[PDB]
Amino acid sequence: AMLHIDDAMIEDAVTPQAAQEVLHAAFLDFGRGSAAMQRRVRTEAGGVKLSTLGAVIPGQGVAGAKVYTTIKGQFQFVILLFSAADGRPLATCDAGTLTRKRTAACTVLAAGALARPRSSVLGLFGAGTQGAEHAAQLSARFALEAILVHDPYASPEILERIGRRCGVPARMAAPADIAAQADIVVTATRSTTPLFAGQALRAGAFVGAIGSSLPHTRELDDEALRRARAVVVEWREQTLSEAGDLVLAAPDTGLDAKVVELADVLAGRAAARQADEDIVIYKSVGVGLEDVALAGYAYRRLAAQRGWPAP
């Protein structure tokens, strides 16, 4: 059997701040052209979908792919890691915990660069495990004073849990109230219609639209995209095909000319925010660079800990 890195191993091996460092470096490599990704490709027959994506990151000594089935809208994932030094397979890796940490770490990287530095109100659409991870990681990055939550399944107990975890009081709020009050809005839903009116967004707001990989899902309306100074994506290529919202946006939004790549933001090449008033949208799809980079870092850390071979 190949070495298998499971979710519990990832939970202990990868801190949010390590995840942010690893992803920052991998994106800088991607921007310099010293790392490469495979776009997400989907195949389907008999109601069973198979998808693949991946990356080659020689700067971190790894290459890999994430492969997964989709059946009735449910996913089962395997990440497979190889050595970039000699090409040999290294390990398989669960995707659940890794994806939770990765999604919030990328949102933090983007908000750190593009949200107002003194942001103090976080709005959350969806307060399950991904929403809560975003709240924890963002609370560590910003001096937050409130977390406003919209999720019909949040309970007073979930709110106290998240509040205690973050050290910031969390409370329920209506969608229009979140949009109007929040400096940073994260949307983490399988919605197929817009979560709030673009008109309602606070001046200066950063929106991290995480949403879903599933067909027909979208969270933002044309107005939000039209209002935005910039729409930050992981990769020009994939994110402009993949995402429901970006593909749908009519020529009116001017979306095209305002799309900027995360690597350019992180490298300090984009100058995306011109003014305090600017709205910035970050659209996350998950690209193969991110999974591979974090699984490689986990492999390296667990190997050192356990006497596994170096990548």
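All residue numbers are counted from 1 along the displayed sequence.
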| property | result |
| --- | --- |
| 155-163 versus 136-144 - which carries the larger mean C-alpha B factor in the record | 155-163 |
| Higher-B stretch (mean Cα B-factor, as the entry records it), 292-300 or 5-13 | 5-13 |
| From 173, 113, 233, 91, residue of greatest CA B-factor | 173 |
| Which of 56, 67, 255, 260 ranks first by CA B-factor in the deposited coordinates | 255 |
| Assigned third (lowest, middle, highest) for the C-alpha B factor of residue 31 | middle |
| Chain thirds of CA B-factor: placement of residue 185 | middle |
| Chain-wide C-alpha B factor ranking for residue 209, given as lowest, middle or highest third | middle |
| Entry-reported Cα temperature factor of residue 108, expressed as the chain third it lands in | lowest |
| Assigned third (lowest, middle, highest) for the C-alpha B factor of residue 264 | lowest |
